[PDB]
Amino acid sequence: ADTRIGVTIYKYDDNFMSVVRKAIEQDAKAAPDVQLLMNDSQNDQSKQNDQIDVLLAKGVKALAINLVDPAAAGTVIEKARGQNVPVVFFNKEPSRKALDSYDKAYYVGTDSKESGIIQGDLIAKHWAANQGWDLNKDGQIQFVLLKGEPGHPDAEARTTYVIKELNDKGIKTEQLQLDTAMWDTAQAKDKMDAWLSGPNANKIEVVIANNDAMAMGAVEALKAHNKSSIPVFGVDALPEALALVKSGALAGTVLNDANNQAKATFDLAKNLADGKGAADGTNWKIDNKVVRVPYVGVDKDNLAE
């Protein structure tokens, strides 16, 4: 009488989704009646699509899906609809229209813009406290920005809102470079290294990354160039990134709460598999089929708290 739930993780080597993957498996360990069928989609939506077909053929009673491509939500929903199986999307947010296209589709994640606002406020605080960072003394932050996947709601919101928030607080900004490194450490290292090796590299004052993995790559490129005096900011508060906040290699980050996103995803998926209301017997507040888990800013001043 075990209940099977199919789960896809877009890429197991994504630093953040690795934390989430492990947390959801710990949640499942505590539900002796449930079996998770865990899949690594290897950063390929076509691989994920085939994995979902296999999961459905195996009779799973719910799906928890971390999309490779957000725009593929519709495709995945139509697969789930064919079996009348509920689907809890997590971490890559489908459009409102996509969510509303199937009454058994839900989403667990975050308020993406909040992470951009928090990161921007963190940078504003550190900038005001470290006016030595204004290398050219023009009152503006000359920044470079390492973006996540184009079209990913967290990448778009974190990129828009970090700058909006700095500007709203009265801090002018000059974008010297902006490119995607696709959430990846090695790509970010190579991009940052190029920026440090190009003309007017001397003008760069602050590095902004949409996640910690990319921030960490930037930290390594700065080290290679003896330019570690330039501050770097990320998002996620990965343990490895918190170690760099401690050492001073990373100026700040933002907790993306993997534990509670994993728990909400599991709790809702299990309820839906059982034919119950998604939040039954839980304290999750579902707002129009969506659970959002707060972000929290982190730097040396609150690292212990």
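Each residue number is its position in the shown sequence, starting from 1.
(request) Decide which of the stretches 182-190 and 132-140 has the higher mean C-alpha B-factor, going by the entry. (result) It is 132-140.
(request) Tell me which of 277-285 and 290-298 has the higher mean C-alpha B-factor in the deposited entry. (result) Per the PDB record, 277-285.
(message) Looking at the C-alpha B-factor values in the deposited entry, which of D154, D100, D212, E114 comes out highest?
(response) Highest CA B-factor of the listed options: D100.
(message) By the CA temperature factor listed in this entry, which of these ranks top: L146, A72, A221, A124?
(response) In the PDB entry, the greatest C-alpha B-factor among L146, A72, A221, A124 is found at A72.
(message) Based on the deposited C-alpha B factors for this chain, I'd like to know if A30 is in the lowest, middle or highest third.
(response) Its C-alpha B-factor belongs to the highest third of this chain's values.
(request) For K92, return the chain-relative third of its C-alpha B-factor as stated in the PDB record: lowest, middle or highest. (result) For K92, the deposited C-alpha B-factor lands in the lowest third.
(message) Using the temperature factors of the C-alpha atoms in this entry, rank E240 within its chain: lowest, middle or highest third.
(response) Highest third, going by the recorded CA B-factors of the chain.
(message) Sorting by Cα B-factor within the chain, modelled residues only, which third would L272 end up in: lowest, middle or highest?
(response) Highest third - that is where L272 ends up once the chain's C-alpha B-factors are sorted.
(request) Tell me, lowest, middle or highest third: where does the Cα B factor of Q83 rank within its chain? (result) Highest third of the chain for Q83's C-alpha B-factor.
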